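**Q** So that we are looking at the same thing, I have put the structure below in structure tokens.
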Amino acid sequence: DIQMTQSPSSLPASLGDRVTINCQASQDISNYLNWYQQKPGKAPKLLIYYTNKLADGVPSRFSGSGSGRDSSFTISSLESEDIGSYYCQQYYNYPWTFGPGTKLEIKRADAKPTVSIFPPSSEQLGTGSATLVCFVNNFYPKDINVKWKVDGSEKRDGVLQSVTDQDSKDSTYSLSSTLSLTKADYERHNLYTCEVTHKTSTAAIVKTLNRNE
Amino acid sequence: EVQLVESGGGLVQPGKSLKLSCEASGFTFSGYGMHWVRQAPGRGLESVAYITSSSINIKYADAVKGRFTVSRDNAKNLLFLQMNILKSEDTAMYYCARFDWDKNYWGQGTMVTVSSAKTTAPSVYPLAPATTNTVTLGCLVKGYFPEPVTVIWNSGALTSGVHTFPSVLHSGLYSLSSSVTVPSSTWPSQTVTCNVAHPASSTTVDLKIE
């Protein structure tokens, strides 16, 4: 099993910029390296084959180069349609292994999140269940920490989170965090906090809810 | 020209089996080595199996060894993947592919969902609060199966300040939320209604915030 390494994991860039992704194989692959692009909901698309050869119909802005275990992929002038994921794959030995991927993102100014906490609806409580939601919207960069505290104690059981893709209009990221409890377990506590840590502030953004109010 | 059409995908209970078929066209199928590749949600790509043109040599991923079986009908231009004793770890988009020295051809893919859950209509709940000069509202679309759901605001007229989040799977069921940010002077003087559709259960729900 040849292990494929990809650096960086994420690459923020501007339109028109020259962009370079790096690929590293665990052992010699004799130039048997492919580069693919992948966009949401679609199959991977081959861009480069045999380290540096441009696949048929692929735009001129794409290129590759590599010396044994080390390889690179270049976009000479970034287009908005190039925003997606890039994978390097060796076809020297089966099983053919794919790298983790490099996501290209649009470079942008730093942006503080807007945090909003929501109690379970009375309609849901009538069903015997209780879900608390917290929206952490329009932040940049992508790296954020969002946690639930219940009466001061960090709660992880029943917590789910998802992050949107980079916004088309403003290039920010948005996150929804959900804390699912039974009505009985929700009534067992009073203070519910959504605690947000982002590099835009040394102090945490804290939105609280008191079950009684 | 060259076409690859997968079929057989769908929802499956854990431990049960499924047969994926891939129909080839626009090339001499019998003269090519064929591949099955999968992509798990949010995960990367993994090679599942390889079969030669004559079926002489067959190769598998260690994750699928002794559970999955590649076969081909060259007379009928068909590639098959017999997937047995299914685990939730096999939930992925499955692709049949032909790899040339300089070209690649992939099919559309078929989602294989390994779940002990059955078709469930979602529960739609309002998200209303209990300065920035804005107010955030939303909808919680809870415990539905299978994917997808479509969410909109005010019949699709309201797209500014909307964020529809990727769904999350828990206990076999999906949950998803959508947030809508509007200027605070505009709410509740101007109605905000989320419109949710779950085609699988034939669900169309509208929910006014407040």
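Heads up, the Cβs are rebuilt from the backbone with ideal geometry, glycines too, and the neighbour counts pull from every protein chain shown. The values are calculated or read from the model by the stated rules, or taken from the named source; these are not laboratory values.
**Q** Just to be sure, is A:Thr193 away from chain B (no Cβ under 14 Å) and either surrounded by 14 or more Cβ atoms within 10 Å (Cβ to Cβ) or part of a strand (DSSP E or B) (or both)?
**A** Spelling it out, it is not the case that A:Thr193 is away from chain B (no Cβ under 14 Å) and either surrounded by 14 or more Cβ atoms within 10 Å (Cβ to Cβ) or part of a strand (DSSP E or B) (or both).
**Q** Give the residues of the range B:27-78 that are under 19 Å from B:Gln108 (Cα atoms) and among the aliphatic types (A, V, I, L, M), sorted by residue number.
**A** Passing the criteria: B:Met34, B:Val37, B:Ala40, B:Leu45, B:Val48, B:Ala49, B:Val70, B:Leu78.
**Q** Could you run through the range B:38-61 and say how many residues are more than 8 Å from every other protein chain (Cβ to nearest Cβ) and surrounded by fewer than 18 Cβ atoms within 10 Å (Cβ to Cβ)?
**A** Summing the residues that are more than 8 Å from every other protein chain (Cβ to nearest Cβ) and surrounded by fewer than 18 Cβ atoms within 10 Å (Cβ to Cβ) in the range B:38-61 gives 11.
**Q** Taking the range B:31-53, which residues are closer than 19 Å to B:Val2 by Cα, outside any strand (DSSP E or B) and of a type outside the set (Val, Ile, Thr)?
**A** Once the filter is applied, which keeps residues that are closer than 19 Å to B:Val2 by Cα, outside any strand (DSSP E or B) and of a type outside the set (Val, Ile, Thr), the range B:31-53 yields B:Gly31, B:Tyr32, B:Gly33, B:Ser53.
**Q** Can you find even one residue in the range B:128-137 that is more than 27 Å from A:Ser168 (Cα to Cα) and within 17 Å of the chain's Cα centre (by Cα)?
**A** Checking the range B:128-137: not a single residue is more than 27 Å from A:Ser168 (Cα to Cα) and within 17 Å of the chain's Cα centre (by Cα).
**Q** Same structure, new question: Does B:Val2 satisfy the condition of being within 13 Å of B:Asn77 (Cα to Cα) and among the β-branched types (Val, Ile, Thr)?
**A** Spelling it out, B:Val2 is indeed within 13 Å of B:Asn77 (Cα to Cα) and among the β-branched types (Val, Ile, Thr).
**Q** Taking B:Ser160, is it assigned by CATH to the domain that holds B:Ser201, assigned to a loop (DSSP other than H, G, I, E, B) and exposed (fewer than 14 other Cβ atoms within 10 Å of the Cβ)?
**A** yes
**Q** Follow-up question, since we're still on this one. Would a scan of the range A:97-109 turn up a residue that is in the same structural domain as A:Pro40 (by CATH), surrounded by fewer than 17 Cβ atoms within 10 Å (Cβ to Cβ) and closer than 30 Å to B:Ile58 by Cα?
**A** yes
**Q** B:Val5: in a strand (DSSP E or B) and either over 17 Å from the mean Cα position of the chain (by Cα) or charged (D, E, K, R) (or both), yes or no?
**A** no
**Q** When you go through A:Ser162, A:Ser174, A:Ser180 one by one, which is the residue that is within 14 Å of chain B (Cβ to nearest Cβ), hydroxyl-bearing (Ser, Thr, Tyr) and over 23 Å from the mean Cα position of the chain (by Cα)?
**A** A:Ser180
**Q** Something else: Please identify the pairs in which a residue from the range A:117-136 that is at negative phi and more than 10 Å from chain B (Cβ to nearest Cβ) has its Cβ atom under 6 Å from the Cβ atom of a residue that is surrounded by 19 or more Cβ atoms within 10 Å (Cβ to Cβ) and not β-branched (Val, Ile, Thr), counting only partners at least 6 apart or on another chain.
**A** Filtered contacts from the range A:117-136: A:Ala130/A:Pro120; A:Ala130/A:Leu181; A:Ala130/A:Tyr186.
**Q** Filter the range A:53-93 down to residues that are among the hydroxyl-bearing types (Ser, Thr, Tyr), touching a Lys or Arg at 6+ places or on another chain (Cβ under 9 Å) and exposed (fewer than 15 other Cβ atoms within 10 Å of the Cβ), then give me how many there are.
**A** The qualifying residues number 2.
**Q** Here's something else I'd like to know. Taking A:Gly152 as meeting all but one of (1) at negative phi; (2) more than 22 Å from the chain's Cα centre (by Cα); (3) exposed (fewer than 14 other Cβ atoms within 10 Å of the Cβ), write down the number of the exception.
**A** Failed condition: (1).
**Q** Can I ask one more? Identify, please: which residue in the range B:110-140 is of a type in the set (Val, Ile, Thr) and within 11 Å of chain A (Cβ to nearest Cβ) and is, among those, nearest to A:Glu123 (Cα to Cα)?
**A** Among them, the one singled out is B:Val124.
**Q** Restricting attention to the range B:108-151, report how many residues are surrounded by fewer than 19 Cβ atoms within 10 Å (Cβ to Cβ) and more than 26 Å from B:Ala40 (Cβ to Cβ).
**A** Total satisfying the criteria: 8.
**Q** Continuing with this model, one more query. Anything in the range B:168-196 that is closer than 12 Å to B:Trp153 by Cα and either of a type in the set (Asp, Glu) or surrounded by 13 or more Cβ atoms within 10 Å (Cβ to Cβ) (or both)? List them, or say none.
**A** Matches in the range B:168-196: B:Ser178, B:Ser179, B:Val180, B:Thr181, B:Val182, B:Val192, B:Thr193, B:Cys194, B:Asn195, B:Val196.
**Q** What number of residues in the range A:137-149 are buried (at least 17 other Cβ atoms within 10 Å of the Cβ) and over 15 Å from the mean Cα position of the chain (by Cα)?
**A** So the answer is 2.
**Q** Within the range A:203-212, is even one residue away from chain B (no Cβ under 11 Å), under 29 Å from the mean Cα position of the chain (by Cα) and of a type in the set (S, T, N, Q)?
**A** No: the range A:203-212 contains no residue that is away from chain B (no Cβ under 11 Å), under 29 Å from the mean Cα position of the chain (by Cα) and of a type in the set (S, T, N, Q).
**Q** Turning to a different aspect of this structure: Mind listing whichever residues of the range B:54-81 are assigned to a strand (DSSP E or B) and among the acidic types (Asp, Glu)?
**A** The answer is B:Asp73, and nothing else.
**Q** Among the residues of the range A:5-34 satisfying the criterion of being of a type outside the set (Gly, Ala, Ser) and under 26 Å from B:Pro166 (Cβ atoms), which is surrounded by the most Cβ atoms within 10 Å (Cβ to Cβ)?
**A** Here the residue is A:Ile21.
**Q** Related question: Quick one: is B:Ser47 under 21 Å from the mean Cα position of the chain (by Cα) and under 28 Å from B:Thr119 (Cβ atoms)?
**A** Here the answer is no, as B:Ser47 does not meet what is asked.
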